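Read top to bottom, the protein sequences are chains B and A. PDB author numbering puts the first sequence at residues 580 to 622, 631 to 659, 666 to 744, 763 to 863. PDB author numbering puts the second sequence at residues 580 to 596, 599 to 621, 632 to 661, 665 to 742, 763 to 863.
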Amino acid sequence: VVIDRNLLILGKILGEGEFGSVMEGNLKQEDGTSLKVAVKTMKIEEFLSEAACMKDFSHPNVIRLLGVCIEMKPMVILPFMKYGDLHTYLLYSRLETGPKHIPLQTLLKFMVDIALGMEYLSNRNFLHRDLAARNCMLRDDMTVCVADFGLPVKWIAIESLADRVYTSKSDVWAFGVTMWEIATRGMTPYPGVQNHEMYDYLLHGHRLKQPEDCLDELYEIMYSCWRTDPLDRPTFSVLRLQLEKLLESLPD
Amino acid sequence: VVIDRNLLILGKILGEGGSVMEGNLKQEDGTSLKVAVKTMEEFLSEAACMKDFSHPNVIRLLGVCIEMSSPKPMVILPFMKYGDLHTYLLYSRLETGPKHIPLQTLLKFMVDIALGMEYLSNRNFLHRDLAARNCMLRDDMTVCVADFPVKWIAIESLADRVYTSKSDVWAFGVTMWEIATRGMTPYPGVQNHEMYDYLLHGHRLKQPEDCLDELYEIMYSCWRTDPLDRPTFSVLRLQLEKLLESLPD
Ligand SMILES: Cn1cc(-c2oc3ncnc(Oc4ccc(NC(=O)c5cn(C)n(-c6ccc(F)cc6)c5=O)cc4)c3c2-c2cccc(N)c2)cn1
Ligand SMILES: Cn1cc(-c2oc3ncnc(Oc4ccc(NC(=O)c5cn(C)n(-c6ccc(F)cc6)c5=O)cc4)c3c2-c2cccc(N)c2)cn1
Numbered sequence: 580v581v582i583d584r585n586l587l588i589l590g591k592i593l594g595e596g597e598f599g600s601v602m603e604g605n606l607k608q609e610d611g612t613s614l615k616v617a618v619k620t621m622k631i632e633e634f635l636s637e638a639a640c641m642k643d644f645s646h647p648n649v650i651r652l653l654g655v656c657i658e659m666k667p668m669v670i671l672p673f674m675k676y677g678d679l680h681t682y683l684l685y686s687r688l689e690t691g692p693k694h695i696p697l698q699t700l701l702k703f704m705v706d707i708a709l710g711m712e713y714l715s716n717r718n719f720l721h722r723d724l725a726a727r728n729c730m731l732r733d734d735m736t737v738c739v740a741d742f743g744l763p764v765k766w767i768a769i770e771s772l773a774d775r776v777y778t779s780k781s782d783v784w785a786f787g788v789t790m791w792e793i794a795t796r797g798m799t800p801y802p803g804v805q806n807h808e809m810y811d812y813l814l815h816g817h818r819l820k821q822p823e824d825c826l827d828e829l830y831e832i833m834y835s836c837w838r839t840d841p842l843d844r845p846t847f848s849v850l851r852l853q854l855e856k857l858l859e860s861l862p863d
Numbered sequence: 580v581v582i583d584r585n586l587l588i589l590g591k592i593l594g595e596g599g600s601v602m603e604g605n606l607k608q609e610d611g612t613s614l615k616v617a618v619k620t621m632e633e634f635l636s637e638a639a640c641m642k643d644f645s646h647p648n649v650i651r652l653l654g655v656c657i658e659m660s661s665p666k667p668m669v670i671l672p673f674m675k676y677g678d679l680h681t682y683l684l685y686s687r688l689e690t691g692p693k694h695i696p697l698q699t700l701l702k703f704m705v706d707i708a709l710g711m712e713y714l715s716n717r718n719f720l721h722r723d724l725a726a727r728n729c730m731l732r733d734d735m736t737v738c739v740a741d742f763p764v765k766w767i768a769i770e771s772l773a774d775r776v777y778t779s780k781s782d783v784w785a786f787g788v789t790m791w792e793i794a795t796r797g798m799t800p801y802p803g804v805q806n807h808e809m810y811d812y813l814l815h816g817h818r819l820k821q822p823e824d825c826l827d828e829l830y831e832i833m834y835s836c837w838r839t840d841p842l843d844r845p846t847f848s849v850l851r852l853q854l855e856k857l858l859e860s861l862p863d
């Protein structure tokens, strides 16, 4: 999965955190052509066994990992997506000079894309643990792919808040919240509630409120993702068919 | 985007072929701006998508003017005393025009054009007439892409009428060659009618006399026979930016 550092050219920073940075880049490929890539520098064992596991995944709704470079500090190489992240994209759509006003059907498709990507990952028993709109990338064909920047109390399941166990249902809970971000076009979860009040708020039985123009059927699906008992929440494959059927029931 | 005709005063001709004239544009803040006015609902269509663009390397649109004189539409652009890049390059080879352009400045010229093209490529907008003559020099010597030619058309676009963003990349390679050659017409010794045959037999523009091998590599990649093998504007922009940083100041 390793790529020779020679074939990589680094550009300007695209985003910066504290556990690493992400920079644009040029990747020289096998067929001579160059490809625009993103380079997340995570400035190791659990990583080597991970990038190998992820470089073998292949799904259109899962971000594709092009490989890893070794500098003497590892760097992850991913294809550059001009459209950015779904969260920032949603906010832009509420503005006159950005993406056109995203209709209901396009928003639902966004959710379908994510559910497909998560179904694929949960089928291989992979735990994302950081699902959110900010971690979803828009491909060049406007299809959304699941990713994880890695460089969120309101996106964490109730059982994961008190205990520290994470499961496929924890990801499903975060999926419901992501579904709510999309339906709200970028709103922060639980307006009027502080991060420290989140566990108390959830333990008393409170959940995210139904968006303004969100269909009842759509809210039913996302609400199911927040059932107090993880075993009562539906699987990603179940969620994928529910969303796909709802989207089909809507006019083109 | 329309602007009251009474706010525009036309001057002398800056170049013809429609015609472009200098002009004074009274602004909303009371002051007048030195503008360029080009005269010929398909003309308004080109400018429809123009007022949306906002990039320092893309010529900015000031407005559109409909003259009912006797319609006659007119586009208003900011006036650039330094003219077009192609003519500017020729002037550089004369002792009364701008001084000899160093390699770094020539590279920055390409970098500016690449940023402009990258901006419009991300917007899925095809230029289709990219050349040094269609590039304008701003007051701060930065280059901006504009549009006022058989040798600037990609080989896939000569046979068919197909025009992709890779075709713009092909024309970008030719433009890079123009800047490196400081105004030489592409393909010396080759006629316009011989261009398609010339390209079909694997021949490409020749490497300039004082063109660094790295630079020629980048522009050669723009002329690959398969459009899918030509790099994108974003990749090209980084390649030029990296080449420029490696050279001393
Ligand atoms: C106009 N504009 C466009 C972009 C822009 O374009 C981009 N193109 C590509 N990447 C970009 O940033 C990414 C970098 C790395 C990763 N991901 C990894 O490094 C991962 C390693 N693993 C193992 N996984 C994983 C985990 C779990 C799974 F289930 C599946 C995979 C990873 O996701 C994802 C995105 C950007 C940005 C970008 C960069 C910074 C901030 C923002 N806001 C956007 C900025 N501005
Ligand atoms: C000392 N001296 C200075 C100048 C001089 O100064 C100037 N200042 C400003 N403009 C000038 O001429 C222009 C007129 C129109 C346009 N362009 C449009 O009207 C466009 C419509 N569209 C849709 N687009 C488009 C397309 C695709 C995109 F991606 C983006 C935009 C246009 O660009 C561009 C230049 C001149 C000249 C000038 C004028 C004529 C000939 C020459 N040789 C120079 C002469 N002598």
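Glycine included, each C-beta is placed from N, C-alpha and C at the ideal position.
- Listed by position along chain B, the residues whose Cβ is nearer than 7 Å to that of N648 (chain A) form an empty set, because the closest Cβ is around 15 Å away.
- Taking every protein chain shown into account, the CB of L652 (chain A) has 16 or more other CB atoms within 10 angstroms, so this residue is buried.
- Taking a C-beta distance under 8 Å as the contact criterion, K675 (chain B) and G654 (chain B) do not qualify as a contact pair.
- For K675 (chain A), the distance from the CB to the nearest heavy atom of ligand 2 is below 7 Å.
- The C-alpha of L852 (chain A) is placed about 20 Å away from the C-alpha of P696 (chain A).
- Here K607 (chain B) is bridged, per DSSP, to B:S613.
- For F719 (chain A), the distance from the CB to the nearest heavy atom of ligand 2 is below 7 Å.
- Taking 7 Å as the cut-off, the C-beta of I631 (chain B) does not count as close to any heavy atom of ligand 1.
- From the beta-carbon of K615 (chain B), the residues of chain A found nearer than 7 Å are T846, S848 and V849.
- Residue side-chain check: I650 (chain B) places its Cβ nearer than 7 Å to a non-hydrogen atom of ligand 1.
- Interface with chain A (8 Å Cβ-Cβ cutoff): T795 (chain B) is excluded.
- No Cβ of chain A is located within less than 8 Å of the beta carbon of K619 (chain B).
- If you compare the alpha carbons of B:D610, B:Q608 and B:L589 with that of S600 (chain B), the shortest gap goes to B:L589.
- Residue state for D827 (chain B) is assigned as helix, using DSSP reduced to three classes.
- Around the beta carbon of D782 (chain A), 16 or more other beta carbons lie within 10 angstroms, which makes this residue buried.
- Comparing alpha-carbon positions, the option among A:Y812, A:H680, A:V849 and A:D827 lying closest to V739 (chain A) turns out to be A:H680.
- Taking the Cβ atoms as the reference, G594 (chain A) lies roughly 12 Å from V618 (chain A), outside the contact range of under 8 Å.
- Contact annotation: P672 (chain A) and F634 (chain A) have beta-carbon atoms that are not nearer than 8 Å.
- Not one beta carbon of chain B lies nearer than 8 Å to the beta carbon of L652 (chain A).
- A straight line joining the alpha-carbon of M809 (chain B) with that of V776 (chain A) spans about 57 Å.
- Among the CB atoms of chain A, one or more fall inside 8 Å of the CB of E603 (chain B).
- In this structure, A726 (chain A) has its beta carbon at no less than 7 Å from each heavy atom of ligand 2.
- The region 724-741 of chain B makes no contact with the region 812-821 of chain B: fewer than 3 CB pairs, one atom from each, lie closer than 8 Å.
- The beta carbon of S613 (chain B) sits closer than 7 Å to those of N605, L606 and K607, all from its chain and outside the five residues before and after it, given in chain order.
- DSSP places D840 (chain A) in the coil class of the three-state scheme, outside both helix and strand.
- Boundaries of the alpha helix (DSSP H) harbouring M809 (chain A): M809 to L814, taken from the DSSP string.
- For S660 (chain A), the three-state secondary structure derived from DSSP is coil.
- For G743 (chain B), there is no enclosing beta strand (DSSP E), as DSSP marks it with neither H nor E.
- DSSP places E689 (chain B) in the coil class of the three-state scheme, outside both helix and strand.
- Contacts with chain B at 8 Å (Cβ-Cβ) do not include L709 (chain A).
- Distances taken from the Cβ of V739 (chain A) to the heavy atoms of ligand 2 include one shorter than 7 Å.
- Here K619 (chain B) carries a strand assignment [DSSP, helix/strand/coil].
- Within the region 670-718 of chain A, complete alpha helix (DSSP H) segments of at least 4 residues are found at 679-686 and 697-716, given in chain order.
- Cβ proximity to chain A below 9 Å picks out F673, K675, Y676 and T690 from the region 673-699 of chain B.
- Assigned with DSSP and collapsed to three states, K780 (chain A) falls in helix.
- For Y685 (chain B), same chain residues with a beta-carbon under 7 Å away, outside a window of 5 residues either side, are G691 and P692 in chain order.
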